[PDB]
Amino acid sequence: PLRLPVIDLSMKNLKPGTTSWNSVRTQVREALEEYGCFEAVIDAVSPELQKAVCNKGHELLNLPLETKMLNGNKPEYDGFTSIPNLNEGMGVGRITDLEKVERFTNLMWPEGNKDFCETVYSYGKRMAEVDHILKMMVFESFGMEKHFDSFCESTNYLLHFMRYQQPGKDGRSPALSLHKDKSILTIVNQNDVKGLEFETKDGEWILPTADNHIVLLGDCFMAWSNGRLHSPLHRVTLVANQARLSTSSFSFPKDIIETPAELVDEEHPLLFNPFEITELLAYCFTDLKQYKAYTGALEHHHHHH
C-alpha cells in the first residue's frame, strides 16, 4: 500500500548546520522530487492554536454570503467561492501583514473580533516560518543558497479555509476537483477528517490519514526548479459521512518567478520563461505547460540520448 513519506519537521530538527537539519533536508528534497508532497510532523503550532484556527474558519465561513463577498471577487486567491451543496471557502490574504489582517477582521466583524485577528495572525506567522525553513532546505539541496534571500523578499502568505458539507453517505464522495496549486509551497491541516488525495507520477492515488500535516509543492516552485521538483495533482474525496474543514497556508512570490540559469542545462532545457503570479492566478480562473510561459522545450525524461 502506497503512503506519502513521513518527515519530522519538529522545531528540534530545524536548526541549520546540524545533522538532523541535513537529514531532513535530504528527505524533503527526495519527497518533493518524487511525490511532490509528504506527510509532516509540525510542532510550530500548538494543538490548542490549531483547534482554535479551525474554529475561526468555521466562524468565518458561517458569515452571511454578502458579508463574505466583502473580501472581493478574486477566488483564485482569497475571495469567497462555493460549489452548491458541496464545498465553500475563502482566504485571509497577506496573513503575515498585521495591518492587512486587522483590515480583514474589521471588514468581516465591524463590531470587533479580537480573538479572530490574533488567532489567525499567530497561525500564519508560525506557518510562514516553517515555509521559510522548507524553502531554505530546498535551495540548499540545489546549491542555490545565493538566490535564496532575493527569492524570499516580500513573500506573500495566504491563510485559506475550505469546508465540505456532510455527503450523506459512506464510500467515496468527490468533494473538490483535481488541480495543481499555484503556490510555492502549501501546508495543509485536515483538522482530523481525511480527504486530500494525491496522484502519483505513475497514476496511482494516495489518500493520507489525518494523522499529520501535509506539505505539497506548487507550480511556482516546480517552475523555479525547471521541473526538477514535482507539483502534484490532487483533489478531495471524502471517505466517510462527516463534514470536513481544511486549513491551508500558501506562499506566493512577490511578483515574478524565474528559473535560475544554473538549473538549466543540455539535459534540462528551460521549460518556463519568467511569469507573474497574479496574471497566472487570474488566468486559471477564466498543467503550467498550458500557460503562455511554457517554452515548448522537452522535459528531462524526454532528452534525446
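From 1 onward, residues are counted along the sequence shown.
Review point. From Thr286 to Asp287, how many deposited residues does the entry skip: none, 1 to 3, 4 to 9, or 10 or more?
Key: Gap between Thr286 and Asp287: 4 to 9 residues without coordinates.
Practice item. Check the entry's C-alpha temperature factors for 179-187 and 194-202, then say which stretch has the higher mean. Key: Between 179-187 and 194-202, it is 194-202.
Point to revise | Of 15-23 and 291-299, the stretch whose C-alpha atoms average the higher B-factor in the entry | key: Mean CA B-factor is higher for 15-23.
Check your understanding: Which is it among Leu70, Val239, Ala40, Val236: the one with the largest CA B-factor in the entry?
Key -> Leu70 has the highest C-alpha B-factor of those listed.
Practice item. Going by the CA temperature factor in the entry, name the top one among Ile256, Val264, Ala31, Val45. Key: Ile256 has the highest C-alpha B-factor of those listed.
Review point. Split the chain's modelled residues into thirds by Cα B-factor; is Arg103 in the lowest, middle or highest one?
Key: Answer is highest: the recorded C-alpha B-factor places it there.
Check your understanding: Can you tell me which third, lowest, middle or highest, the CA B-factor of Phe151 falls into for its chain?
Key -> Highest third of the chain for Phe151's C-alpha B-factor.
Practice item. Ordered by C-alpha B-factor within the chain, which third holds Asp115? Give me lowest, middle or highest, please. Key: It falls in the top third of the chain.
Review point. Once the chain's modelled residues are ordered by C-alpha B factor and cut into thirds, is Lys169 in the lowest, middle or highest one?
Key: Answer is highest: the recorded C-alpha B-factor places it there.
Check your understanding: Mind checking which third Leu65 falls in for C-alpha B-factor across the chain?
Key -> Highest third, going by the recorded CA B-factors of the chain.
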